[PDB]
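Participant: You'll find model_0.cif just under this line, and it carries mmCIF, C-alpha atoms.
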data_start
#
loop_
_atom_site.label_atom_id
_atom_site.label_comp_id
_atom_site.auth_asym_id
_atom_site.auth_seq_id
_atom_site.Cartn_x
_atom_site.Cartn_y
_atom_site.Cartn_z
CA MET D 1 65.74 102.55 76.25
CA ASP D 2 66.82 100.48 79.23
CA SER D 3 70.11 99.13 80.53
CA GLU D 4 71.85 98.94 83.89
CA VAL D 5 73.70 96.20 85.73
CA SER D 6 76.72 95.83 87.99
CA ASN D 7 77.57 93.99 91.19
CA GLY D 8 80.00 91.55 92.74
CA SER D 9 81.80 91.56 96.08
CA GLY D 10 83.53 89.17 98.45
CA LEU D 11 86.52 86.86 98.29
CA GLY D 12 89.80 87.84 99.89
CA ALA D 13 90.57 88.87 103.45
CA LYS D 14 93.72 87.69 105.18
CA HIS D 15 95.69 88.40 108.34
CA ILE D 16 98.95 88.82 106.47
CA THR D 17 97.01 90.83 103.92
CA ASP D 18 96.14 93.66 106.28
CA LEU D 19 99.74 93.39 107.43
CA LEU D 20 100.65 94.49 103.93
CA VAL D 21 98.55 97.61 104.31
CA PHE D 22 99.73 98.53 107.79
CA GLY D 23 103.11 97.04 106.96
CA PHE D 24 103.41 98.91 103.69
CA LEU D 25 103.23 102.29 105.38
CA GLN D 26 105.45 100.98 108.16
CA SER D 27 108.09 100.68 105.47
CA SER D 28 107.35 103.79 103.44
CA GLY D 29 104.39 105.69 102.05
CA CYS D 30 102.93 108.61 103.95
CA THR D 31 104.32 108.70 107.48
CA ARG D 32 104.40 106.63 110.64
CA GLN D 33 101.40 108.47 112.05
CA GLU D 34 99.75 107.53 108.78
CA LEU D 35 100.22 103.78 109.09
CA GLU D 36 98.50 104.29 112.43
CA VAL D 37 95.50 106.00 110.88
CA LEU D 38 95.29 103.70 107.89
CA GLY D 39 96.70 100.75 109.80
CA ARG D 40 94.28 101.42 112.63
CA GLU D 41 91.73 98.75 111.81
CA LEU D 42 89.51 96.70 114.09
CA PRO D 43 88.98 93.23 112.61
CA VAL D 44 86.48 90.61 113.73
CA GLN D 45 87.68 90.00 117.27
CA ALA D 46 89.91 92.53 118.99
CA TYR D 47 93.15 93.18 117.15
CA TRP D 48 96.14 94.35 119.15
CA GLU D 49 99.90 94.00 119.01
CA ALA D 50 103.09 95.66 120.18
CA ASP D 51 106.84 95.78 119.69
CA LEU D 52 109.42 97.18 122.08
CA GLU D 53 110.97 100.41 120.86
CA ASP D 54 114.58 101.39 120.33
CA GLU D 55 116.72 104.37 121.23
CA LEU D 56 120.18 105.89 120.90
CA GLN D 57 122.61 108.25 122.59
CA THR D 58 125.24 110.63 121.28
CA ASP D 59 128.38 111.94 122.94
CA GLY D 60 130.42 115.12 123.17
CA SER D 61 133.45 115.59 125.40
CA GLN D 62 136.17 118.19 125.02
CA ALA D 63 139.26 117.54 127.10
CA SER D 64 141.21 114.91 125.19
CA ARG D 65 144.90 114.42 124.52
CA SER D 66 146.20 113.16 121.19
CA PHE D 67 145.11 109.54 121.41
CA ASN D 68 142.83 107.85 118.91
CA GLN D 69 142.81 105.98 115.62
CA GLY D 70 139.47 104.68 114.42
CA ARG D 71 136.16 106.02 113.17
CA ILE D 72 134.28 103.01 111.85
CA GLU D 73 130.52 102.74 112.17
CA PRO D 74 128.49 99.76 113.40
CA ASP D 75 126.77 97.38 111.02
CA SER D 76 124.39 94.61 112.02
CA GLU D 77 121.49 93.18 110.06
CA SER D 78 119.07 90.77 111.69
CA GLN D 79 115.32 90.84 111.19
CA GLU D 80 112.97 87.93 111.77
CA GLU D 81 109.99 87.18 109.56
CA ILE D 82 110.50 87.63 105.84
CA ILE D 83 106.86 87.50 104.81
CA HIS D 84 106.07 90.60 106.82
CA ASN D 85 109.17 92.16 105.30
CA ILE D 86 107.58 91.74 101.89
CA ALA D 87 104.52 93.48 103.28
CA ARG D 88 106.42 96.63 104.19
CA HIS D 89 108.61 96.16 101.14
CA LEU D 90 105.41 96.68 99.20
CA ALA D 91 105.20 100.36 100.07
CA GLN D 92 108.95 100.73 99.65
CA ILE D 93 108.37 99.42 96.15
CA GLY D 94 105.73 102.07 95.61
CA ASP D 95 108.16 104.92 96.16
CA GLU D 96 110.87 103.20 94.17
CA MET D 97 108.33 102.44 91.47
CA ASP D 98 107.75 106.15 90.99
CA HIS D 99 111.11 105.85 89.27
CA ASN D 100 109.50 104.13 86.31
CA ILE D 101 105.81 103.41 86.70
CA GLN D 102 104.49 103.50 83.16
CA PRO D 103 106.64 101.49 80.74
CA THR D 104 103.59 101.45 78.50
CA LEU D 105 100.84 102.96 80.62
CA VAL D 106 101.00 100.51 83.50
CA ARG D 107 100.36 102.68 86.53
CA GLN D 108 98.41 104.76 84.04
CA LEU D 109 95.60 102.24 83.80
CA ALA D 110 95.56 101.39 87.49
CA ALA D 111 95.58 105.14 88.02
CA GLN D 112 92.58 105.27 85.72
CA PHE D 113 90.31 103.77 88.35
CA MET D 114 92.07 105.65 91.12
CA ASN D 115 89.47 108.38 90.84
CA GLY D 116 86.53 109.65 92.85
CA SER D 117 85.92 108.71 96.47
CA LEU D 118 83.59 106.02 95.19
CA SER D 119 83.85 104.70 91.65
CA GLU D 120 81.79 101.86 90.24
CA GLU D 121 79.68 102.08 93.37
CA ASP D 122 82.32 100.77 95.75
CA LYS D 123 85.44 102.51 96.99
CA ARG D 124 87.72 99.54 96.43
CA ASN D 125 86.42 97.83 93.31
CA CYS D 126 88.02 100.49 91.14
CA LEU D 127 91.42 99.51 92.47
CA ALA D 128 90.93 95.77 92.16
CA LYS D 129 89.62 96.76 88.75
CA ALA D 130 93.17 97.83 87.96
CA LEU D 131 94.67 94.50 88.98
CA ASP D 132 92.74 93.04 86.06
CA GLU D 133 93.70 95.99 83.90
CA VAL D 134 97.35 96.19 84.86
CA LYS D 135 97.45 92.50 84.03
CA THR D 136 95.41 93.13 80.90
CA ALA D 137 98.42 95.07 79.69
CA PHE D 138 101.25 93.48 81.64
CA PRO D 139 99.83 90.03 82.43
CA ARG D 140 101.99 87.23 83.77
CA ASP D 141 103.10 85.53 86.96
CA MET D 142 105.82 87.21 88.99
CA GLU D 143 106.10 89.83 86.28
CA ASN D 144 102.44 90.74 85.99
CA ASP D 145 101.44 89.61 89.46
CA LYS D 146 104.19 91.84 90.81
CA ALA D 147 103.13 94.42 88.26
CA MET D 148 99.55 94.68 89.48
CA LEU D 149 100.84 94.83 93.03
CA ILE D 150 102.84 97.89 92.04
CA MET D 151 99.46 99.41 91.24
CA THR D 152 98.02 98.95 94.71
CA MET D 153 100.93 100.92 96.12
CA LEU D 154 100.66 103.29 93.18
CA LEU D 155 97.35 104.62 94.43
CA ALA D 156 98.74 105.15 97.91
CA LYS D 157 102.00 106.48 96.53
CA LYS D 158 100.04 109.09 94.62
CA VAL D 159 96.92 109.12 96.75
CA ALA D 160 98.97 109.23 99.93
CA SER D 161 99.94 112.64 98.60
CA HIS D 162 97.33 112.83 95.87
CA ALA D 163 94.25 111.81 97.81
CA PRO D 164 94.89 112.92 101.40
CA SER D 165 91.16 112.54 101.94
CA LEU D 166 91.24 108.85 101.08
CA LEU D 167 93.81 107.96 103.72
CA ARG D 168 91.86 104.91 104.84
CA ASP D 169 91.12 104.08 101.23
CA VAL D 170 94.78 104.66 100.42
CA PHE D 171 95.76 101.70 102.56
CA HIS D 172 92.81 99.64 101.36
CA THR D 173 94.12 100.27 97.87
CA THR D 174 97.42 98.61 98.70
CA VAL D 175 96.02 95.65 100.60
CA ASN D 176 93.35 95.79 97.92
CA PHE D 177 95.20 93.99 95.15
CA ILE D 178 97.05 91.68 97.51
CA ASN D 179 93.79 91.05 99.31
CA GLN D 180 92.05 90.43 96.01
CA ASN D 181 95.09 88.53 94.79
CA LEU D 182 97.33 85.99 96.48
CA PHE D 183 98.49 88.12 99.38
CA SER D 184 102.16 87.59 98.60
CA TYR D 185 103.01 86.16 95.20
CA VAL D 186 105.90 84.54 97.04
CA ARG D 187 103.54 82.98 99.55
CA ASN D 188 101.66 81.11 96.84
CA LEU D 189 104.92 80.35 95.08
CA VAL D 190 106.15 78.76 98.28
CA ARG D 191 103.03 76.61 98.40
CA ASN D 192 103.38 75.59 94.77
CA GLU D 193 107.03 74.77 95.36
CA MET D 194 108.08 71.90 97.60
CA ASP D 195 106.17 68.65 97.88
#
Transcribe the structure of this file into structure tokens.

Facilitator:
Amino acid sequence: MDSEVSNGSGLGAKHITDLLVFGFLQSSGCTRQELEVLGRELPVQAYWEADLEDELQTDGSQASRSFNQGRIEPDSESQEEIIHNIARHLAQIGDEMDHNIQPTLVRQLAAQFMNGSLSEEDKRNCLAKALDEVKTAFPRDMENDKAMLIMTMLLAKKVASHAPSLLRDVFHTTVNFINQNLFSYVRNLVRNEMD
């Protein structure tokens, strides 16, 4: 009797990557305060950002003589940076995914690893382990690639409310696949495209 082996770490890491984690929540997932907890990460240097806030103001009034004819609401869409958008869109996809996340046991597999606060001796390998799995079932480019990604958010989606003790891990899970994969499938696609 004798048998035991397992190891392998490294590869990945990206600025935009982490953005997916912190960005994901920023879009959806747990809550704002969450993105802060999970998002709250000190890289190799001295991270730090900012972004002016917004506000609003209602109105009342009483005294008013018959005189009015219009009740249309405002509508203006203008947001810079699309890449980042995809980051946050990730989480948003997680929630939406809940709609149908298991057309054959997709999120099921990825969810397989999503167990214990440390599986396969490494709280993060399990997830990435799904990427390979999710693909093992639903492999492909944008289809699979995007499929596996759905997994990352799956953990958080569930974990976020399933594993409230793995908050930090929750985020890592999301930026796990992307981090282990090509950040944004679109990013790579962009590179591939155009001479």

Participant: Decode the PyMOL selection byres ((chain D and resi 41) around 12) for the given file into explicit residues and return them as a CSV table (one decimal) with C-alpha atoms, in the frame of the given file.

Facilitator:
chain,number,residue,atom,x,y,z
D,15,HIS,CA,95.7,88.4,108.3
D,18,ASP,CA,96.1,93.7,106.3
D,19,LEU,CA,99.7,93.4,107.4
D,21,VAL,CA,98.6,97.6,104.3
D,22,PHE,CA,99.7,98.5,107.8
D,35,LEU,CA,100.2,103.8,109.1
D,36,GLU,CA,98.5,104.3,112.4
D,37,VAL,CA,95.5,106.0,110.9
D,38,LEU,CA,95.3,103.7,107.9
D,39,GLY,CA,96.7,100.8,109.8
D,40,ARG,CA,94.3,101.4,112.6
D,42,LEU,CA,89.5,96.7,114.1
D,43,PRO,CA,89.0,93.2,112.6
D,44,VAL,CA,86.5,90.6,113.7
D,45,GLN,CA,87.7,90.0,117.3
D,46,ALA,CA,89.9,92.5,119.0
D,47,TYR,CA,93.2,93.2,117.2
D,48,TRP,CA,96.1,94.4,119.2
D,49,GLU,CA,99.9,94.0,119.0
D,168,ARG,CA,91.9,104.9,104.8
D,169,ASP,CA,91.1,104.1,101.2
D,171,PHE,CA,95.8,101.7,102.6
D,172,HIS,CA,92.8,99.6,101.4

Participant: May I have the centre and edge lengths, in Å to one decimal, of an axis-aligned box around the listed atoms of stretch 69-86 of chain D with 5 Å added to every side, as JSON?

Facilitator:
{"center_x": 124.4, "center_y": 96.6, "center_z": 108.8, "size_x": 46.7, "size_y": 28.8, "size_z": 23.7}

Participant: Tell me, in Å to one decimal, how far atom CA of residue D:184 is from atom CA of residue D:17.

Facilitator: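 Atom CA of residue D:17 lies at a distance of 8.1 Å from atom CA of residue D:184.
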
Participant: List the residues selected by the PyMOL selection byres ((chain D and resi 175) around 12) in the file shown, writing them as a PyMOL selection string.

Facilitator: chain D and resi 12-25+38-39+87-88+90-91+124+127-128+131+148-156+168-174+176-184

Participant: May I ask for the distance between atom CA of residue D:81 and atom CA of residue D:52, given in Å to one decimal place?

Facilitator: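 Result for atom CA of residue D:81 versus atom CA of residue D:52: 16.0 Å, one decimal.
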
Participant: To one decimal place in Å, what is the distance between atom CA of residue D:9 and atom CA of residue D:188?

Facilitator: 22.5 Å

Participant: Looking at all atoms listed in the file, which of D:186, D:106, D:165, D:118 is the one that sits closest to residue D:139?

Facilitator: D:106

Participant: Specify as JSON, numbers by chain each residue included when the PyMOL selection byres ((chain D and resi 101-105) around 10) is applied to this file.

Facilitator: {"D": [94, 95, 96, 97, 98, 99, 100, 106, 107, 108, 109, 110, 111, 112, 134, 137, 138, 147, 150, 151, 154]}

Participant: In terms of the shortest atom-to-atom distance over only C-alpha atoms, which of D:166, D:86, D:11, D:142 is closest to residue D:26?

Facilitator: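 Closest residue, counting only C-alpha atoms: D:86.
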
Participant: Might you pull out every residue within 12 Å of stretch 1-7 of chain D, with all atoms listed in the file counted and same-chain residues fewer than 6 positions away left off, and present them as a ChimeraX atom specification?

Facilitator: /D:119-122,125
